[PDB]
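Read the structure below first, then the notes.
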Amino acid sequence: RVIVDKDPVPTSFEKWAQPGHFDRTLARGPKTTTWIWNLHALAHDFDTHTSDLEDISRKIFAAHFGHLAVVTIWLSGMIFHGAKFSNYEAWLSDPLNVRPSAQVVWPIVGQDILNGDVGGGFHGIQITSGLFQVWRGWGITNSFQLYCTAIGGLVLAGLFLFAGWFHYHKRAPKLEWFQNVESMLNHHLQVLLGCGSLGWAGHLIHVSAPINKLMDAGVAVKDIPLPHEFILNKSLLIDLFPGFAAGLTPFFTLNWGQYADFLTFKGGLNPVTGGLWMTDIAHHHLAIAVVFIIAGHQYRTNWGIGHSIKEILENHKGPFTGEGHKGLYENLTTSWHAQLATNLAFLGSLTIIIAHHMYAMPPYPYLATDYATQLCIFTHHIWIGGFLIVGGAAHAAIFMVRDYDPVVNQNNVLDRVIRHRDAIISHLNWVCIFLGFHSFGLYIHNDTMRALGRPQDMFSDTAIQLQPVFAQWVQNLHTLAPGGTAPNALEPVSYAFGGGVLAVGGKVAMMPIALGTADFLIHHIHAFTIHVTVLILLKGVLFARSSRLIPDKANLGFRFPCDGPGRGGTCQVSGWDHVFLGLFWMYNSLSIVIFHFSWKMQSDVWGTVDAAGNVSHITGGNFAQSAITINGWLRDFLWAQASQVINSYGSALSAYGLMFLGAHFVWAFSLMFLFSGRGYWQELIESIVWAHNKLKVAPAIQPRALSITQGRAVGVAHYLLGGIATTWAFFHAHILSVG
Amino acid sequence: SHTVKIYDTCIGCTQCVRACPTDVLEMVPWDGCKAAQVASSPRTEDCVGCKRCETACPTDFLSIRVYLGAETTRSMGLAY
Amino acid sequence: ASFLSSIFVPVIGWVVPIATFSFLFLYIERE
Amino acid sequence: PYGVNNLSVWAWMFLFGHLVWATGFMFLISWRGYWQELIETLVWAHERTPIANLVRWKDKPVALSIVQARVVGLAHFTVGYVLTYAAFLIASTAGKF
Amino acid sequence: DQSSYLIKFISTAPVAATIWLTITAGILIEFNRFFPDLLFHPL
Amino acid sequence: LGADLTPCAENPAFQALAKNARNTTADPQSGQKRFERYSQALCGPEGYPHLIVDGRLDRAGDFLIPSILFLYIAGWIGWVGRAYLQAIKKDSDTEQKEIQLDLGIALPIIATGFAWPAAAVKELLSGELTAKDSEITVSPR
Amino acid sequence: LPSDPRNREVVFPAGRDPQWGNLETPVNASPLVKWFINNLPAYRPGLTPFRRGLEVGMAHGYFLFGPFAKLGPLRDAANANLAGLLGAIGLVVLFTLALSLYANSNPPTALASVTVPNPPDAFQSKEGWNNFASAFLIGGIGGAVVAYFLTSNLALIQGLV
Amino acid sequence: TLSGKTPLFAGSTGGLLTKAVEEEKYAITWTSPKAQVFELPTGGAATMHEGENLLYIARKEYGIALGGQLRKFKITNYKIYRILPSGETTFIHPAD
Ligand code: CLA
Ligand code: CLA
Ligand code: CLA
Ligand code: CLA
Ligand SMILES: CC1=C(/C=C/C(C)=C/C=C/C(C)=C/C=C/C=C(C)/C=C/C=C(C)/C=C/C2=C(C)CCCC2(C)C)C(C)(C)CCC1
Ligand SMILES: CC1=C(C/C=C(\C)CCC[C@H](C)CCC[C@H](C)CCCC(C)C)C(=O)c2ccccc2C1=O
Ligand SMILES: CC1=C(C/C=C(\C)CCC[C@H](C)CCC[C@H](C)CCCC(C)C)C(=O)c2ccccc2C1=O
Ligand code: SF4
Ligand code: SF4
Ligand code: SF4
């Protein structure tokens, strides 16, 4: 059922001339400097214009081709910069010694000292993004395979940018093309995910795992043949992988045990690279692919068979929840924020799961070997996952103000959480308080007992145990799963649970992580800082429309500063302001997750193995008796590990010395916007406009102070920028030195 | 409660009466302005200090002004 | 006479705030 | 974890000063109207709890006023600014002479 | 006239200030490749 | 002299920093040509050139020469921006020309004003530089 | 596990007036919970206000021997259980103040929830709250002695049983 | 008296509180053309009856915030009373 409008919007440079053409109030011309900031704020907010959902949805789908172009330009840029300006061909010969490097610096002002010696006769910035592990995991051998990929990416970036013109300015879809969410889920689960992972399963079997097996033998780099000669000359897929001469017929006679050489279930880490077995990833992405192609045949399309989501949701209702899930289809098929809240809180929560499932199970050749890479991949996608969960909480509060409808959402499970929203929050208010005392106060207890010279009264491994019984048990189940509850495996899912120490050269790839009293406290700090973040975000969702303080808060809007100084004072009551307060706790919560990671792994996992198997860790094993006091987090983590970032002048780590101080500045700069108010700064400009009125330099566009909401927004953007960039420059200069 | 002073400069715009959410304000006839009515605040024990009435008034400077005074239960906005 | 610390410090630590707060709470809540 | 010495008050007051300083940000970034809508849920869940509603306030709990938690915010800020440096000024000098 | 809209777009606020600050920054960069280290005027 | 200022060409600390020169640009002797020009400055006990902002004509290259070179440029940034805001005040829009530059008016303002010390005195002596205090808005006292 | 059975509900509102801010849930009005809370000594019918605080003091004074004696500072010494007795008696007295401090401040009237349809009529007068306070100190001290008597010789009661 | 019907909702946790016993309590009456879904200022959705309705609210702020929500239903007949705990009902909206 494809119906497409023919030329809705003429392609012209007319509207590039006048700025702010989109809104009727904002297009009449600027009068103050408030107009300048509202142009960049209301820019990509396509929902405020009309009530025509057909017209808004065409802008939304075409702009989504715009973001696909800039990711592809970025991605093909990283391959092209890794083609010319890298040591990728010298890295393949010795990944144990050659450091991953791109970004050669122009030598102008003495910043050629940033081009330090990474090994291999090459001077440049030691990268930490791990693209050399990806390209080897893809099987790229020489530079020319990186050129044709990057040049191929620039063509593929042009098709996305052309179709964004085409599907908006030339051939734009109608409304009912978008609301075929049964037809969307069938194509996107099968063709994108299932056929994407089936095609990629064909890329490991025919191409990648033959090359990565020849690499593990230590043959050469040039002497390994081209990967299209593996398809032509079938005699090289039979020297390795001997279960290949039987050909294609064991697939169709269900003799799938014939394929046991290259679709294995080894279940562990490769002892040569310290990565996953390439044959296990082949049987993974194939078994992933069968499940998606089956499950994408679920929802009903033009051919009668299939489930209907309006008939799935309306059956699931109970005695407690009244009408149940009846009415949630119309919320998710009309509102765009209800989709955007759902696709972002569950993709942001997915990104944190990816970070945990990649440090313990390193999926790339020589990933766990490089400590400088593995620390930064975790801490990157932690923050990327955390901003999106706050965004799903943000665009859910926008749903409640603009797109919530009482007629549809009558007595369903969305309605029944607004009746008992006082019971939800106040029982959540108790747990945030309960976790505050019984997790953080056990650090304040241990600060004081060690300061009072009473070490026998502390919550440590020696004095008063707090052993994590329910997580020491689950590690013992996942250690004993080969031969038992999963007999076909050999080693566990990872060595983080049990198993042994797998050394790659000298450096530990993965060691069994032993949980103790310090690990009990810091996993309950994590539950504390997450439940408080939920408390702030959910209060902005439930109290978005009204409260007992403001009975008509949805009348004012999603984003308004206050309702005046009355009722004691009602500043920061809006649903925007609870997104504002949750960004700090998201910053607070995720900063401890990446501090728990960066010091548990250095104290209890990473290090160098001697000849007899003795594992000599980085920090000597001091997480046990020092991560129980706040003095110990200050002494042995912030003070002791910063000796590589501030002593780095006159060397190649000089930029991390400058970004460490430069981010302490921008953090401190943000407090001028947070602490002060707007009405001070408007008075000060009136005394500066006077001296600009006197000498006849009076601007026609009147200066105004930043608005109340913007002064909060500037103060949190400069806050999060300088606080994360402090840690960005602290993690790198510490781990590009001890790794 | 609070204190709502209404000066003689307003024009009878009826934007302040249609914005006070506890309905403190009302229009009385007054032969001064062009619309021949002035805002009046006969129920200032109900005023919650919202200053929606000062936001909606056109005239420069404001004909209506809310002076924040002693805060009883009705002006704190307490349902309890 | 260093034993006076054992009798002035608990009085100022315990007895002085208990006597003060129980006076002030009954004084501020007094119609 | 090896022991203490005579600087352990100043090591404790230094951490104490970093905590009073950071507490005062809560009164300044977050403003009143978030907190009056939070206390109105605690007023609810105290009148509903069956044993604990034998007792009840004489003064109705309201959040701190706008001018008040700029005083209270500046008080935690200034006390923590003083005690942090005064523990660093003494012990970095009285530990080296 | 389609060409007049490109002169009128090249002279808005962020577009003119991007080009003018690029010419400004490029003068300081290409002056410092050839004559570096100018702490003071040598007299 | 100066003071605590020996010349840099006499210091053993400066000549010790001369033997370990780091090249600024890809010029292989840019580390060396840097120090033959810094030999005429006054390096203290550390070996670093300490500038003299006094007004002494033997140390005029520190601050006397760059101050004249700066004040010609930065006043001309503000003189051109003053003459353009005088021009667009007497137009129909007056706020379109602020964000969206009237380039046909702006470029005659830019190329003209390089003789602004010959200009800015003439508005001063004629009193057109300033405005009357009975014509500027002021706060209630 | 179908209840009535495909139908109907449990969150009918409190007292059939939906405009009151309370609801009847399986934690509110499940008749095992409603029978329990109505028969605590704060709420049981037929009790003197001295009689109500006598059981409340013996219960709260009983378990507060616990965390002082086994987690306090003297918990390795010979006075490990005597340190928990003086801490428990010493903190009932801090609660006896707070009851008398609450009572003398002209205290407000007690509430009437949905699991408890009336306040027990002795909690609206200053004289009523004072008898509850005098009973709490007597029962609180005595309830901590009988916790001190049992735990100080755990081998003896187990041999004598 | 007041004599109005009560709208259809399953009860809220907002509702009325101890002030409705102690200090005062308000109540808004409106005569509706039909039965339809509106919003409670206490929180959630409800369903008005046909003819005279009645909603016991906590404060006067609620009934005038509700009356603006009723204005887009072509309902400009809402009258708020002030019901004191001594039984004293005071007509306060409108003034006449
Ligand atoms: C899938 C991603 C996604 C999408 C499509 C949207 C889309 C939208 N959001 Mg949303 N949002 C998201 C993620 C997303 N958001 C996340 C992750 C958060 C949490 C932080 C939010 C928080 C949020 C709020 C709080 C609000 C929106 C609003 C909006 C709407 C208008 C936004 C606009 O015009 O901005 C225009 C663009 C800007 C103003 C530029 C902002 C630049 C940022 C602050 C700085 C970026 C820092 C950068 C990385 C470092 C630069 C360094 C520098 C030196 C160069 C629009 C529908 C607004 C609205 O009213 O909705 C109707 C609104 O109030 N969103
Ligand atoms: C170091 C600074 C700091 C501290 C201590 C707090 C503390 C708190 N914030 Mg908070 N906040 C802060 C900074 C801080 N914030 C900042 C900078 C912002 C700006 C964005 C916010 C924004 C914010 C919001 C938006 C929210 C909070 C919430 C909370 C509460 C969480 C409950 C809890 O854990 O209490 C437990 C107490 C502690 C962990 C402190 C330790 C106390 C020890 C254990 C005991 C005291 C020792 C001793 C007995 C004292 C008595 C001595 C005697 C002589 C008097 C709590 C009051 C949330 C809340 O109230 O809901 C629950 C909430 O919604 N805050
Ligand atoms: C500045 C006043 C002050 C003084 C003098 C003390 C003194 C003491 N504190 Mg302490 N404390 C204080 C302030 C003070 N504290 C503050 C402000 C806090 C909050 C951070 C604490 C938190 C604290 C904790 C958490 C603990 C102590 C403990 C102790 C005792 C340690 C010695 C010992 O082994 O007990 C041996 C003695 C006993 C076990 C029992 C002694 C008899 C008790 C004190 C009273 C007996 C009845 C009394 C006479 C009448 C009723 C009490 C009366 C105050 C109304 C000692 C009595 C420890 C302790 O034992 O507490 C009970 C302990 O666990 N303190
Ligand atoms: C099936 C249940 C049952 C159990 C577990 C017991 C257990 C016991 N009986 Mg027995 N008894 C039972 C049924 C039972 N009886 C029936 C049905 C009859 C009727 C024919 C009897 C008649 C009977 C007599 C006549 C005697 C016993 C005795 C005993 C005790 C012998 C061990 C000893 O030397 O005491 C050592 C222990 C003690 C002397 C004291 C232990 C502490 C007591 C039991 C309670 C302490 C306070 C308590 C915690 C709280 C109040 C009591 C509570 C039940 C409300 C032992 C506790 C003898 C005994 O000692 O009785 C006291 C005894 O003389 N029994
Ligand atoms: C509900 C429930 C529960 C809870 C409960 C509890 C836990 C309780 C507690 C308990 C306790 C808390 C106990 C108490 C008891 C008491 C007693 C046992 C007392 C005694 C006392 C006495 C014996 C004393 C006497 C005296 C006096 C009074 C005075 C004089 C002196 C003398 C000493 C003689 C559980 C969890 C199971 C589960 C579910 C259900
Ligand atoms: C500084 C500050 C201001 C004043 C800040 C303003 C007005 C922003 C001005 C900063 C920019 C950089 C000025 C840019 C002016 C021109 C557009 C740029 C001229 C130069 C061009 C070449 C770009 C507030 O209004 C305010 C309000 C509420 C809380 C905190 C604050 C606050 O901290
Ligand atoms: C926490 C907080 C609250 C809630 C906090 C309240 C209501 C008080 C919390 C402290 C309680 C009352 C205990 C006080 C104990 C103190 C540690 C010491 C008190 C002793 C002195 C009073 C002598 C606000 O109402 C508020 C309003 C406007 C801006 C910021 C804030 C704000 O930050
Ligand atoms: S944000 Fe400012 S103006 Fe608004 S209520 Fe708060 S203090 Fe008053
Ligand atoms: S005070 Fe304002 S709203 Fe009222 S009549 Fe005068 S101008 Fe109109
Ligand atoms: S105090 Fe202000 S906003 Fe509130 S009712 Fe009176 S005039 Fe209106």
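Residues are referred to by chain and number: the chain letter is A, B, ... according to the order shown in the structure tokens, the number counts from 1 in that chain, and ligands are numbered separately from 1 in the order shown.
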Residues of chain A that approach ligand 7 to 10 Å or less, counting only C-alpha atoms and all ligand atoms: could you list each one with the shortest pair of atoms and its distance in Å to one decimal, rows by chain and increasing residue number, as CSV?
```
residue,atom,partner,partner_atom_place_in_ligand_line,distance
A:568,CA,ligand 7,27 (C),9.1
A:569,CA,ligand 7,28 (C),7.9
A:570,CA,ligand 7,28 (C),9.0
A:571,CA,ligand 7,28 (C),8.4
A:572,CA,ligand 7,28 (C),9.5
```
Please write the residues from the selection above to a file, keeping N, CA and C atoms, as an mmCIF file, in the first residue's frame.
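Contents of part-v6.cif, as written:
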```
data_model
loop_
_atom_site.group_PDB
_atom_site.id
_atom_site.type_symbol
_atom_site.label_atom_id
_atom_site.label_comp_id
_atom_site.auth_asym_id
_atom_site.auth_seq_id
_atom_site.Cartn_x
_atom_site.Cartn_y
_atom_site.Cartn_z
ATOM 1 N N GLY A 568 5.102 30.164 48.008
ATOM 2 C CA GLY A 568 6.425 29.923 48.544
ATOM 3 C C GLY A 568 7.516 30.113 47.512
ATOM 4 N N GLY A 569 7.192 29.824 46.255
ATOM 5 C CA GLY A 569 8.146 29.856 45.169
ATOM 6 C C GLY A 569 8.013 28.617 44.319
ATOM 7 N N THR A 570 7.782 28.779 43.025
ATOM 8 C CA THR A 570 7.500 27.654 42.150
ATOM 9 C C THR A 570 8.494 27.574 41.009
ATOM 10 N N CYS A 571 9.758 27.861 41.271
ATOM 11 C CA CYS A 571 10.748 27.801 40.214
ATOM 12 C C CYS A 571 11.330 26.404 40.108
ATOM 13 N N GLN A 572 11.508 25.955 38.861
ATOM 14 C CA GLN A 572 11.803 24.572 38.457
ATOM 15 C C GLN A 572 10.690 23.603 38.860
#
```
Taking only C-alpha atoms into account and nothing else, which residues of chain A lie no more than 8 Å away from chain D? Please answer as a PyMOL selection string.
chain A and resi 422-423+425-426+447-448+450-451+453+547-549+562+568-573+578+581+625-626+630-631+674-675
Kindly save the residues from that selection, with N, CA, C and O atoms included, as a tab-separated table (two decimals), in the first residue's frame.
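To be explicit, this is the file written out as out-v5.tsv:
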```tsv
chain	number	residue	atom	x	y	z
A	422	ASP	N	1.38	9.34	43.58
A	422	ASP	CA	1.89	9.69	44.90
A	422	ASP	C	2.42	8.47	45.62
A	422	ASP	O	3.36	8.57	46.40
A	423	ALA	N	1.84	7.30	45.36
A	423	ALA	CA	2.34	6.07	45.95
A	423	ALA	C	3.60	5.59	45.25
A	423	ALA	O	4.42	4.92	45.87
A	425	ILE	N	6.00	7.64	43.79
A	425	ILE	CA	7.12	8.52	44.10
A	425	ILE	C	7.54	8.39	45.55
A	425	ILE	O	8.73	8.25	45.85
A	426	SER	N	6.57	8.40	46.47
A	426	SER	CA	6.91	8.40	47.89
A	426	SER	C	7.45	7.06	48.35
A	426	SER	O	8.22	7.01	49.31
A	447	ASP	N	35.37	5.84	56.89
A	447	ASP	CA	36.25	6.99	56.98
A	447	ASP	C	36.58	7.31	58.42
A	447	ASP	O	37.72	7.60	58.77
A	448	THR	N	35.56	7.27	59.27
A	448	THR	CA	35.72	7.69	60.65
A	448	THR	C	36.41	6.62	61.48
A	448	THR	O	37.25	6.96	62.32
A	450	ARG	N	38.65	4.47	60.48
A	450	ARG	CA	40.07	4.43	60.20
A	450	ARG	C	40.76	5.68	60.72
A	450	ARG	O	41.91	5.62	61.16
A	451	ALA	N	40.05	6.81	60.73
A	451	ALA	CA	40.63	8.04	61.25
A	451	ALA	C	40.73	8.02	62.77
A	451	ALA	O	41.68	8.57	63.34
A	453	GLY	N	41.52	5.49	64.42
A	453	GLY	CA	42.43	4.43	64.79
A	453	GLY	C	41.74	3.16	65.20
A	453	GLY	O	42.29	2.40	66.01
A	547	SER	N	0.11	18.87	39.35
A	547	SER	CA	0.48	18.37	40.65
A	547	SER	C	-0.52	18.93	41.65
A	547	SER	O	-1.56	19.47	41.26
A	548	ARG	N	-0.23	18.80	42.93
A	548	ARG	CA	-1.01	19.53	43.91
A	548	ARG	C	-0.61	20.99	43.98
A	548	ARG	O	-1.39	21.82	44.45
A	549	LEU	N	0.59	21.32	43.51
A	549	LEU	CA	1.04	22.71	43.51
A	549	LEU	C	0.47	23.46	42.32
A	549	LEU	O	-0.11	24.54	42.48
A	562	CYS	N	8.98	28.92	35.54
A	562	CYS	CA	8.38	28.94	36.86
A	562	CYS	C	6.92	29.33	36.71
A	562	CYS	O	6.40	29.44	35.60
A	568	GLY	N	5.10	30.16	48.01
A	568	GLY	CA	6.42	29.92	48.54
A	568	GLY	C	7.52	30.11	47.51
A	568	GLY	O	8.63	30.53	47.84
A	569	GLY	N	7.19	29.82	46.26
A	569	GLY	CA	8.15	29.86	45.17
A	569	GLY	C	8.01	28.62	44.32
A	569	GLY	O	8.10	27.50	44.83
A	570	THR	N	7.78	28.78	43.02
A	570	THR	CA	7.50	27.65	42.15
A	570	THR	C	8.49	27.57	41.01
A	570	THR	O	8.13	27.26	39.88
A	571	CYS	N	9.76	27.86	41.27
A	571	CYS	CA	10.75	27.80	40.21
A	571	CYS	C	11.33	26.40	40.11
A	571	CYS	O	11.60	25.76	41.12
A	572	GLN	N	11.51	25.96	38.86
A	572	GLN	CA	11.80	24.57	38.46
A	572	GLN	C	10.69	23.60	38.86
A	572	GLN	O	10.90	22.65	39.61
A	573	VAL	N	9.49	23.85	38.33
A	573	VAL	CA	8.39	22.90	38.43
A	573	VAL	C	8.11	22.17	37.14
A	573	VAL	O	7.35	21.19	37.16
A	578	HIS	N	13.03	18.77	35.29
A	578	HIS	CA	13.38	17.47	35.83
A	578	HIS	C	14.32	16.71	34.91
A	578	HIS	O	15.05	15.83	35.36
A	581	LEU	N	17.64	18.42	36.07
A	581	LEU	CA	18.21	17.90	37.30
A	581	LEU	C	18.69	16.47	37.16
A	581	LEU	O	19.58	16.06	37.91
A	625	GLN	N	41.25	-2.95	50.27
A	625	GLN	CA	41.31	-2.22	51.53
A	625	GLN	C	41.31	-0.71	51.35
A	625	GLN	O	41.51	0.01	52.33
A	626	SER	N	41.10	-0.22	50.13
A	626	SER	CA	41.08	1.22	49.90
A	626	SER	C	39.81	1.72	49.24
A	626	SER	O	39.51	2.90	49.37
A	630	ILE	N	36.41	6.95	51.63
A	630	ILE	CA	36.47	8.06	50.68
A	630	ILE	C	37.86	8.67	50.63
A	630	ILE	O	38.25	9.25	49.61
A	631	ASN	N	38.64	8.54	51.71
A	631	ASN	CA	40.05	8.86	51.64
A	631	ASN	C	40.78	7.95	50.66
A	631	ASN	O	41.69	8.38	49.96
A	674	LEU	N	24.70	28.56	36.48
A	674	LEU	CA	23.84	27.78	37.36
A	674	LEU	C	23.49	28.55	38.62
A	674	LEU	O	22.33	28.58	39.03
A	675	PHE	N	24.48	29.19	39.25
A	675	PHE	CA	24.25	29.81	40.55
A	675	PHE	C	23.50	31.13	40.41
A	675	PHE	O	22.54	31.38	41.14
```
Determine, using only C-alpha atoms and all ligand atoms, which residues of chain G have any atom at most 9 Å from an atom of ligand 3, and tabulate each with its shortest atom pair and distance in Å to one decimal place, rows ordered by chain and then rising number, as a tab-separated table.
```
residue	atom	partner	partner_atom_place_in_ligand_line	distance
G:68	CA	ligand 3	62 (C)	6.7
G:69	CA	ligand 3	39 (C)	8.2
G:71	CA	ligand 3	64 (O)	7.7
G:72	CA	ligand 3	64 (O)	4.8
G:73	CA	ligand 3	34 (O)	5.1
G:74	CA	ligand 3	34 (O)	5.6
G:79	CA	ligand 3	39 (C)	8.9
G:80	CA	ligand 3	39 (C)	8.5
G:82	CA	ligand 3	39 (C)	7.6
G:83	CA	ligand 3	39 (C)	4.0
G:84	CA	ligand 3	39 (C)	6.2
G:85	CA	ligand 3	40 (C)	7.8
G:86	CA	ligand 3	46 (C)	4.8
G:87	CA	ligand 3	62 (C)	4.9
G:88	CA	ligand 3	46 (C)	8.2
G:89	CA	ligand 3	47 (C)	6.2
G:90	CA	ligand 3	51 (C)	3.7
G:91	CA	ligand 3	52 (C)	6.2
G:92	CA	ligand 3	51 (C)	7.8
G:93	CA	ligand 3	51 (C)	5.4
G:94	CA	ligand 3	55 (C)	5.5
G:97	CA	ligand 3	55 (C)	8.4
```
Take the selection from the previous step and output its residues with N, CA, C and O atoms, as a short mmCIF file (atom, residue, chain, number, x, y, z; two decimals), in the first residue's frame.
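Just written: out36.cif:
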```
data_model
loop_
_atom_site.label_atom_id
_atom_site.label_comp_id
_atom_site.auth_asym_id
_atom_site.auth_seq_id
_atom_site.Cartn_x
_atom_site.Cartn_y
_atom_site.Cartn_z
N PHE G 68 22.93 -3.08 69.79
CA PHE G 68 23.98 -2.55 70.63
C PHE G 68 24.91 -3.65 71.13
O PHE G 68 26.13 -3.46 71.17
N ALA G 69 24.35 -4.81 71.49
CA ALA G 69 25.15 -5.84 72.13
C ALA G 69 26.02 -6.60 71.15
O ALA G 69 27.10 -7.08 71.52
N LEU G 71 26.78 -5.38 67.80
CA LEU G 71 27.50 -4.52 66.89
C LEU G 71 28.19 -3.34 67.56
O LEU G 71 28.91 -2.61 66.88
N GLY G 72 28.03 -3.15 68.87
CA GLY G 72 28.61 -2.03 69.54
C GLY G 72 30.11 -2.15 69.69
O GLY G 72 30.73 -3.11 69.22
N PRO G 73 30.72 -1.17 70.36
CA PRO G 73 32.18 -1.15 70.43
C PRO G 73 32.76 -2.18 71.37
O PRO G 73 33.90 -2.62 71.17
N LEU G 74 32.02 -2.58 72.40
CA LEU G 74 32.52 -3.50 73.41
C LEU G 74 32.17 -4.95 73.11
O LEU G 74 32.19 -5.78 74.01
N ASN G 79 32.18 -7.46 78.94
CA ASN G 79 30.97 -6.67 79.10
C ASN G 79 30.24 -6.48 77.78
O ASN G 79 29.63 -5.43 77.56
N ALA G 80 30.31 -7.47 76.89
CA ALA G 80 29.72 -7.34 75.56
C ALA G 80 28.20 -7.26 75.62
O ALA G 80 27.59 -6.54 74.82
N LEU G 82 26.52 -6.42 78.60
CA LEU G 82 26.17 -5.31 79.46
C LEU G 82 26.25 -3.98 78.71
O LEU G 82 25.56 -3.03 79.07
N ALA G 83 27.09 -3.91 77.68
CA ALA G 83 27.13 -2.73 76.83
C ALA G 83 25.87 -2.61 75.99
O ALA G 83 25.47 -1.50 75.62
N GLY G 84 25.24 -3.74 75.66
CA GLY G 84 23.97 -3.69 74.95
C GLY G 84 22.79 -3.45 75.85
O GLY G 84 21.73 -3.04 75.36
N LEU G 85 22.93 -3.69 77.14
CA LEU G 85 21.85 -3.40 78.07
C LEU G 85 21.77 -1.92 78.40
O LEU G 85 20.68 -1.36 78.46
N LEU G 86 22.92 -1.28 78.61
CA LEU G 86 22.91 0.14 78.93
C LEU G 86 22.59 0.99 77.71
O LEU G 86 22.03 2.08 77.84
N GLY G 87 22.94 0.51 76.51
CA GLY G 87 22.56 1.22 75.31
C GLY G 87 21.07 1.13 75.01
O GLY G 87 20.48 2.10 74.54
N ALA G 88 20.46 -0.02 75.30
CA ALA G 88 19.03 -0.19 75.05
C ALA G 88 18.19 0.55 76.08
O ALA G 88 17.19 1.18 75.72
N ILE G 89 18.57 0.47 77.36
CA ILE G 89 17.89 1.25 78.39
C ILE G 89 18.13 2.73 78.18
O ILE G 89 17.21 3.55 78.31
N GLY G 90 19.35 3.10 77.79
CA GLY G 90 19.70 4.49 77.56
C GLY G 90 19.02 5.14 76.38
O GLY G 90 19.03 6.37 76.28
N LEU G 91 18.42 4.35 75.49
CA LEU G 91 17.74 4.88 74.32
C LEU G 91 16.22 4.79 74.41
O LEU G 91 15.53 5.51 73.69
N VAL G 92 15.69 3.96 75.31
CA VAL G 92 14.28 4.07 75.65
C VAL G 92 14.01 5.38 76.39
O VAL G 92 12.97 6.01 76.20
N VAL G 93 14.97 5.82 77.20
CA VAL G 93 14.83 7.08 77.92
C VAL G 93 14.85 8.26 76.95
O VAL G 93 14.09 9.22 77.12
N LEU G 94 15.66 8.17 75.89
CA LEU G 94 15.59 9.17 74.83
C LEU G 94 14.28 9.10 74.06
O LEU G 94 13.89 10.10 73.45
N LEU G 97 11.54 10.74 76.57
CA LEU G 97 11.54 12.19 76.41
C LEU G 97 10.68 12.59 75.22
O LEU G 97 9.75 13.39 75.35
#
```
Report as a VMD selection string all protein, DNA and RNA residues lying within 10 Å of residue E:38, evaluated on only C-alpha atoms, omitting residues in the same chain fewer than 3 positions from it.
(chain E and resid 32 35 41 to 42) or (chain F and resid 34 37 to 38)
Enumerate the residues of chain F with a DSSP assignment of strand (DSSP E or B), computed from the backbone, and present them as a list in words.
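Listing strand (DSSP E or B) positions across chain F yields residues 6, 7, 42, 43, 49 and 50 of chain F.
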Give me, as a list in words, all polymer residues having an atom no more than 7 Å from residue H:35, counting only C-alpha atoms and skipping those fewer than 3 positions away in the same chain.
residues 47, 48, 49 and 50 of chain H
File dump, residues just selected, N, CA and C atoms, as a short mmCIF file (atom, residue, chain, number, x, y, z; two decimals), in the first residue's frame:
```
data_model
loop_
_atom_site.label_atom_id
_atom_site.label_comp_id
_atom_site.auth_asym_id
_atom_site.auth_seq_id
_atom_site.Cartn_x
_atom_site.Cartn_y
_atom_site.Cartn_z
N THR H 47 -15.15 10.84 33.88
CA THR H 47 -16.28 10.88 32.95
C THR H 47 -17.43 11.62 33.61
N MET H 48 -17.79 12.76 33.05
CA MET H 48 -18.92 13.52 33.56
C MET H 48 -20.23 12.83 33.21
N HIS H 49 -21.28 13.19 33.94
CA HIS H 49 -22.62 12.69 33.69
C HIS H 49 -23.35 13.64 32.74
N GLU H 50 -24.65 13.43 32.60
CA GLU H 50 -25.52 14.39 31.92
C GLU H 50 -26.32 15.13 32.97
#
```
